[PDB]
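Engineer: Sharing coords-v3.txt here; it has compact mmCIF, C-alpha atoms and all ligand atoms.
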```
# COMPACT_ATOMS: atom_id res chain seq x y z
CA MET A 1 81.48 83.53 92.43
CA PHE A 2 82.92 86.65 94.23
CA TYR A 3 82.05 89.64 91.98
CA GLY A 4 79.18 92.12 92.39
CA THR A 5 77.93 94.81 89.99
CA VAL A 6 79.90 97.77 88.52
CA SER A 7 78.30 101.19 89.26
CA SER A 8 79.29 104.88 89.71
CA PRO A 9 78.62 106.29 93.25
CA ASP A 10 80.12 109.73 92.45
CA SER A 11 81.35 111.65 89.40
CA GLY A 12 84.42 109.89 87.90
CA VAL A 13 84.38 107.03 90.49
CA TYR A 14 83.50 103.40 89.60
CA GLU A 15 83.05 100.55 92.10
CA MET A 16 82.16 96.89 92.57
CA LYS A 17 82.14 94.38 95.43
CA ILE A 18 84.76 91.60 95.51
CA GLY A 19 83.45 89.40 98.33
CA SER A 20 83.08 91.77 101.28
CA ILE A 21 85.55 94.41 99.92
CA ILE A 22 84.49 97.54 98.01
CA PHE A 23 86.88 97.93 95.04
CA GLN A 24 86.96 101.46 93.50
CA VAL A 25 88.78 103.23 90.66
CA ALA A 26 89.07 106.99 89.83
CA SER A 27 91.46 109.43 88.12
CA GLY A 28 93.33 112.15 90.12
CA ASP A 29 96.27 113.06 92.37
CA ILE A 30 96.84 110.22 94.89
CA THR A 31 98.58 112.65 97.33
CA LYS A 32 95.21 114.34 98.05
CA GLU A 33 93.56 111.07 99.24
CA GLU A 34 92.90 109.95 102.82
CA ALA A 35 93.33 106.21 103.70
CA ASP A 36 94.96 104.06 106.38
CA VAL A 37 97.67 103.10 103.81
CA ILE A 38 98.80 104.89 100.64
CA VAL A 39 101.01 102.85 98.25
CA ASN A 40 104.07 104.31 96.42
CA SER A 41 105.44 102.68 93.18
CA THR A 42 109.22 103.23 93.17
CA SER A 43 112.69 101.83 92.26
CA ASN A 44 114.63 99.00 94.00
CA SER A 45 116.59 101.68 95.90
CA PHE A 46 113.37 103.36 97.25
CA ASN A 47 114.69 106.86 96.32
CA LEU A 48 113.05 107.55 92.91
CA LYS A 49 111.37 110.95 92.33
CA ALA A 50 109.58 110.71 88.95
CA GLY A 51 105.81 110.54 88.25
CA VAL A 52 103.85 109.13 91.23
CA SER A 53 107.02 108.71 93.31
CA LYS A 54 107.89 112.44 92.81
CA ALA A 55 104.47 113.53 94.09
CA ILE A 56 104.49 111.09 97.03
CA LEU A 57 108.03 111.91 98.30
CA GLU A 58 107.63 115.70 97.83
CA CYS A 59 104.28 115.83 99.71
CA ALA A 60 105.28 113.23 102.38
CA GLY A 61 108.46 115.17 103.22
CA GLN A 62 112.12 114.73 104.06
CA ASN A 63 111.69 112.51 107.16
CA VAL A 64 109.92 109.88 105.00
CA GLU A 65 112.68 110.22 102.34
CA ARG A 66 115.30 109.62 105.04
CA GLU A 67 113.38 106.61 106.45
CA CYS A 68 113.35 105.01 102.97
CA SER A 69 117.11 105.25 102.33
CA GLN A 70 117.91 104.03 105.90
CA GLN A 71 115.79 100.87 105.46
CA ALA A 72 117.18 100.40 101.91
CA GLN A 73 120.78 100.17 103.21
CA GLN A 74 119.83 97.84 106.14
CA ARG A 75 118.69 94.81 104.08
CA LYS A 76 117.40 93.61 100.69
CA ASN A 77 113.68 94.59 100.67
CA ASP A 78 110.88 93.65 98.23
CA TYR A 79 108.94 96.59 99.82
CA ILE A 80 109.26 98.88 102.86
CA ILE A 81 106.82 100.45 105.31
CA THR A 82 107.28 104.07 106.55
CA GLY A 83 105.22 106.68 108.36
CA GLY A 84 102.81 108.84 106.37
CA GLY A 85 104.70 112.13 106.85
CA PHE A 86 102.47 114.97 105.60
CA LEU A 87 100.21 112.67 103.56
CA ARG A 88 96.74 111.86 104.96
CA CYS A 89 97.53 108.27 105.98
CA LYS A 90 98.89 106.20 108.86
CA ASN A 91 101.62 104.43 106.77
CA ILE A 92 103.05 104.49 103.25
CA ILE A 93 103.97 101.10 101.73
CA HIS A 94 106.64 101.59 99.03
CA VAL A 95 106.57 98.74 96.45
CA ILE A 96 108.96 98.21 93.47
CA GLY A 97 107.23 99.18 90.21
CA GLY A 98 109.18 96.58 88.17
CA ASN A 99 108.18 93.64 90.42
CA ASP A 100 105.28 91.24 89.92
CA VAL A 101 102.23 93.44 90.63
CA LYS A 102 100.03 90.59 91.95
CA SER A 103 102.71 89.72 94.53
CA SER A 104 103.13 93.40 95.54
CA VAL A 105 99.38 93.86 96.09
CA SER A 106 99.13 90.56 98.06
CA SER A 107 101.88 91.86 100.40
CA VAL A 108 100.07 95.22 100.87
CA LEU A 109 96.80 93.41 101.78
CA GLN A 110 98.56 91.13 104.32
CA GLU A 111 100.41 94.08 105.98
CA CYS A 112 97.10 95.98 106.29
CA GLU A 113 95.42 92.99 108.03
CA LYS A 114 98.39 92.79 110.45
CA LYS A 115 97.68 96.45 111.49
CA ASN A 116 93.82 96.02 111.57
CA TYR A 117 93.51 98.68 108.82
CA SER A 118 90.31 99.17 106.81
CA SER A 119 91.23 101.37 103.80
CA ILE A 120 93.97 101.31 101.12
CA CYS A 121 94.69 103.66 98.20
CA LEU A 122 97.16 102.64 95.43
CA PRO A 123 98.30 103.95 92.03
CA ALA A 124 98.37 101.91 88.77
CA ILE A 125 101.55 100.22 90.08
CA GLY A 126 104.24 99.68 87.40
CA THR A 127 102.74 101.86 84.64
CA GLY A 128 105.21 104.74 85.29
CA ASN A 129 109.03 104.42 85.00
CA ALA A 130 108.78 100.58 85.07
CA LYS A 131 106.71 100.65 81.80
CA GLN A 132 104.51 97.58 82.52
CA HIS A 133 101.41 97.34 80.28
CA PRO A 134 98.16 98.82 81.78
CA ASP A 135 95.86 95.80 81.12
CA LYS A 136 98.41 93.35 82.66
CA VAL A 137 98.63 95.70 85.70
CA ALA A 138 94.82 95.92 86.03
CA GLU A 139 94.44 92.12 85.73
CA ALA A 140 97.14 91.60 88.43
CA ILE A 141 95.70 94.11 90.95
CA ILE A 142 92.17 92.66 90.75
CA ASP A 143 93.48 89.03 90.77
CA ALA A 144 95.38 89.75 94.05
CA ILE A 145 92.16 90.98 95.71
CA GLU A 146 90.18 87.93 94.40
CA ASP A 147 92.82 85.52 95.81
CA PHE A 148 92.83 87.30 99.22
CA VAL A 149 89.00 87.02 99.39
CA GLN A 150 88.98 83.35 98.19
CA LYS A 151 91.38 82.32 100.99
CA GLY A 152 89.10 83.94 103.64
CA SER A 153 91.75 86.52 104.56
CA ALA A 154 89.54 89.66 104.45
CA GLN A 155 88.66 90.67 108.04
CA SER A 156 89.69 94.29 108.75
CA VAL A 157 90.20 95.39 105.07
CA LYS A 158 86.95 96.89 103.69
CA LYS A 159 87.93 99.33 100.89
CA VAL A 160 90.63 99.25 98.18
CA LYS A 161 90.76 102.30 95.83
CA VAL A 162 93.02 102.78 92.78
CA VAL A 163 93.64 106.50 92.03
CA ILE A 164 95.09 106.69 88.51
CA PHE A 165 97.02 109.74 87.13
CA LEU A 166 96.16 109.27 83.41
CA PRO A 167 92.44 109.03 82.49
CA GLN A 168 93.23 106.67 79.57
CA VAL A 169 94.56 104.08 82.09
CA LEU A 170 91.27 104.38 84.05
CA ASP A 171 89.47 103.16 80.86
CA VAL A 172 91.49 99.93 80.98
CA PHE A 173 90.64 99.27 84.67
CA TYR A 174 86.90 99.89 84.06
CA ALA A 175 86.84 97.39 81.14
CA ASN A 176 88.57 94.76 83.33
CA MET A 177 85.94 95.26 86.11
CA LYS A 178 83.12 94.81 83.52
CA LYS A 179 84.70 91.53 82.30
CA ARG A 180 84.42 90.12 85.84
CA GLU A 181 81.06 91.46 87.06
CA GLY A 182 78.24 89.17 88.17
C1 LIG B 1 101.62 111.00 89.19
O1 LIG B 1 102.09 110.02 88.26
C2 LIG B 1 102.27 110.37 86.95
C3 LIG B 1 102.59 111.64 86.50
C4 LIG B 1 102.78 111.90 85.13
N1 LIG B 1 103.09 113.22 84.67
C5 LIG B 1 103.54 114.29 85.57
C6 LIG B 1 103.10 115.63 85.03
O2 LIG B 1 103.64 115.93 83.74
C7 LIG B 1 103.91 114.76 82.97
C8 LIG B 1 102.96 113.62 83.27
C9 LIG B 1 102.63 110.84 84.23
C10 LIG B 1 102.32 109.57 84.66
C11 LIG B 1 102.14 109.32 86.02
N2 LIG B 1 101.83 108.05 86.48
CL CL B 2 106.24 102.46 88.14
CL CL B 3 98.81 106.39 88.03
```
Just give me the structure of the file as structure tokens.
Structural biologist:
Amino acid sequence: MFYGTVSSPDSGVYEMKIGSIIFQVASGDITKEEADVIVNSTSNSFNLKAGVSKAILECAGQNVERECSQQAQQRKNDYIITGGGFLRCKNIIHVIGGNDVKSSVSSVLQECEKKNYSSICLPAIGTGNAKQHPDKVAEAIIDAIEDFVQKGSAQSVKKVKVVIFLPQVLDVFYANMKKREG
């Protein structure tokens, strides 16, 4: 039904269409990317600084750190939205690494439509301190995008890119894409 063909447009980058959306994967430092939204994978307190969350909070800066802890105290949040600080994005969406990854990605997609955003960059959510298994994480991320497309919800969102710190986790995402391709 929805899946196009897997190819490599640039060195180390792999992509396929899912309906109208270009889905891409690559290995690297997510804090060097430009996108409307960058996703952080963090703790239920939104103040973790290990792995991806270390890089994101250090580069984003202290105002973003402060924003996170202020929203954390205000209410019980499944995720929070902050400014981009000194990252190259309009907003950071901080999701809980231990939560259901499909649900987290669905929420990111819906929040990006609400802002008329076109591009998203996320890590392999949950594979860091939360210690979720890489193939379950890959299956969940791609399933969330498929569901969003199937329901006719894609309008402003055009590009979803996963930038993955460990090259061995990239392998797992590529194999999952190949399983689905048309
Ligand atoms: C940016 O996210 C990560 C970082 C690291 N490491 C930091 C550098 O030294 C040790 C590995 C390992 C896994 C992830 N996801
Ligand atoms: Cl994590
Ligand atoms: Cl990663």
Engineer: Give me, please, the distance in Å between atom CA of residue 73 of chain A and atom CA of residue 93 of chain A, quoted to one decimal.
Structural biologist: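 Answer for the atom CA of residue 73 of chain A to atom CA of residue 93 of chain A separation: 16.9 Å.
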Engineer: Which residue is closest to residue 32 of chain A? Choose from A:50, A:59, A:169, A:160 and count all atoms listed in the file.
Structural biologist: A:59
Engineer: Ligand CL 3 (chain B): which residues are within 9 Å, counting only C-alpha atoms and all ligand atoms? Reply as a list in words.
Structural biologist: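 What falls inside 9 Å of ligand CL 3 (chain B) is residues 27, 28, 29, 30, 51, 52, 122, 123, 124, 125, 126, 127, 128, 162, 163, 164, 165, 166, 167, 169 and 170 of chain A.
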Engineer: So the first atom is atom CA of residue 13 of chain A and the second is atom CA of residue 143 of chain A; what is the distance between them in Å, to one decimal place?
Structural biologist: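 These atoms are spaced 20.2 Å apart.
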Engineer: Enter the distance from atom CA of residue 12 of chain A to atom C7 of ligand LIG 1 (chain B), in Å, rounded to one decimal.
Structural biologist: 20.7 Å
Engineer: With all atoms listed in the file as the atoms that count, which of A:46, A:148, A:86, A:23 lies nearest to ligand CL 2 (chain B)?
Structural biologist: A:46
Engineer: Counting all atoms listed in the file, which residues come within 7 Å of (100.1, 96.0, 92.7), with the point read in the file's coordinates, and could you list them as a PyMOL selection string?
Structural biologist: chain A and resi 101-102+104-105+125+140-141
Engineer: Using only C-alpha atoms and all ligand atoms, which residue out of A:43, A:81, A:71, A:60 lies closest to ligand CL 2 (chain B)?
Structural biologist: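 Nearest candidate to ligand CL 2 (chain B) out of A:43, A:81, A:71, A:60: A:43.
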Engineer: Let me make sure I understand: among A:89, A:145, A:55, A:37, which one has the smallest atom-to-atom distance to ligand LIG 1 (chain B) if we use all atoms listed in the file?
Structural biologist: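 Looking only at the distances to ligand LIG 1 (chain B), the closest residue turns out to be A:55.
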Engineer: Name the residues, using the chain letters and numbers of the file, that sit within 9 Å of (85.7, 102.7, 90.7) when counting all atoms listed in the file, and give them as a count of residues only.
Structural biologist: 20
Engineer: Kindly provide, as JSON, the centre and edge lengths (Å, one decimal) of an axis-aligned box around all atoms of ligand LIG 1 (chain B) given in the file, with 8 Å on each side.
Structural biologist:
```
{"center_x": 102.8, "center_y": 112.0, "center_z": 86.1, "size_x": 18.3, "size_y": 23.9, "size_z": 22.2}
```
Engineer: Excluding segment 154-157 of chain A and its own-chain neighbours fewer than 4 positions away, which residues fall within 12 Å of it when counting all atoms listed in the file? Please give them as a PyMOL selection string.
Structural biologist: chain A and resi 18-23+35-37+106+108-121+144-150+161
Engineer: Create the file for the chosen residues now, containing C-alpha atoms and written as a compact mmCIF listing (two decimals), in the coordinates of the input.
Structural biologist:
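out_37.txt written:
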```txt
# COMPACT_ATOMS: atom_id res chain seq x y z
CA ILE A 18 84.76 91.60 95.51
CA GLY A 19 83.45 89.40 98.33
CA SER A 20 83.08 91.77 101.28
CA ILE A 21 85.55 94.41 99.92
CA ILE A 22 84.49 97.54 98.01
CA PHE A 23 86.88 97.93 95.04
CA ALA A 35 93.33 106.21 103.70
CA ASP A 36 94.96 104.06 106.38
CA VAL A 37 97.67 103.10 103.81
CA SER A 106 99.13 90.56 98.06
CA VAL A 108 100.07 95.22 100.87
CA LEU A 109 96.80 93.41 101.78
CA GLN A 110 98.56 91.13 104.32
CA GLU A 111 100.41 94.08 105.98
CA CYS A 112 97.10 95.98 106.29
CA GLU A 113 95.42 92.99 108.03
CA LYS A 114 98.39 92.79 110.45
CA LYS A 115 97.68 96.45 111.49
CA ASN A 116 93.82 96.02 111.57
CA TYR A 117 93.51 98.68 108.82
CA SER A 118 90.31 99.17 106.81
CA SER A 119 91.23 101.37 103.80
CA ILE A 120 93.97 101.31 101.12
CA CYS A 121 94.69 103.66 98.20
CA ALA A 144 95.38 89.75 94.05
CA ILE A 145 92.16 90.98 95.71
CA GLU A 146 90.18 87.93 94.40
CA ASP A 147 92.82 85.52 95.81
CA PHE A 148 92.83 87.30 99.22
CA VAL A 149 89.00 87.02 99.39
CA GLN A 150 88.98 83.35 98.19
CA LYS A 161 90.76 102.30 95.83
```
Engineer: Could you tell me which of A:131, A:75, A:54, A:17 comes closest to ligand CL 2 (chain B) if we count all atoms listed in the file?
Structural biologist: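 Among A:131, A:75, A:54, A:17, it is A:131 that comes nearest to ligand CL 2 (chain B).
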Engineer: Which residues, written as a PDB file with C-alpha atoms, in the coordinates of the input, have at least one atom at most 12 Å from residue 85 of chain A, with all atoms listed in the file counted and residues fewer than 3 positions away on the same chain left out?
Structural biologist:
```
ATOM      1  CA  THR A  31      98.580 112.650  97.330  1.00  0.00           C
ATOM      2  CA  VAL A  37      97.670 103.100 103.810  1.00  0.00           C
ATOM      3  CA  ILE A  38      98.800 104.890 100.640  1.00  0.00           C
ATOM      4  CA  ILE A  56     104.490 111.090  97.030  1.00  0.00           C
ATOM      5  CA  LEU A  57     108.030 111.910  98.300  1.00  0.00           C
ATOM      6  CA  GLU A  58     107.630 115.700  97.830  1.00  0.00           C
ATOM      7  CA  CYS A  59     104.280 115.830  99.710  1.00  0.00           C
ATOM      8  CA  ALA A  60     105.280 113.230 102.380  1.00  0.00           C
ATOM      9  CA  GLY A  61     108.460 115.170 103.220  1.00  0.00           C
ATOM     10  CA  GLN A  62     112.120 114.730 104.060  1.00  0.00           C
ATOM     11  CA  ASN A  63     111.690 112.510 107.160  1.00  0.00           C
ATOM     12  CA  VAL A  64     109.920 109.880 105.000  1.00  0.00           C
ATOM     13  CA  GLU A  65     112.680 110.220 102.340  1.00  0.00           C
ATOM     14  CA  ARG A  66     115.300 109.620 105.040  1.00  0.00           C
ATOM     15  CA  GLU A  67     113.380 106.610 106.450  1.00  0.00           C
ATOM     16  CA  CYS A  68     113.350 105.010 102.970  1.00  0.00           C
ATOM     17  CA  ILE A  81     106.820 100.450 105.310  1.00  0.00           C
ATOM     18  CA  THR A  82     107.280 104.070 106.550  1.00  0.00           C
ATOM     19  CA  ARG A  88      96.740 111.860 104.960  1.00  0.00           C
ATOM     20  CA  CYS A  89      97.530 108.270 105.980  1.00  0.00           C
ATOM     21  CA  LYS A  90      98.890 106.200 108.860  1.00  0.00           C
ATOM     22  CA  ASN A  91     101.620 104.430 106.770  1.00  0.00           C
ATOM     23  CA  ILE A  92     103.050 104.490 103.250  1.00  0.00           C
TER      24      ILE A  92
END
```
Engineer: Which of these, A:34, A:80, A:3, A:133, has the shortest distance to ligand CL 2 (chain B) once you count all atoms listed in the file?
Structural biologist: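 Of the candidates, the smallest distance to ligand CL 2 (chain B) is held by A:133.
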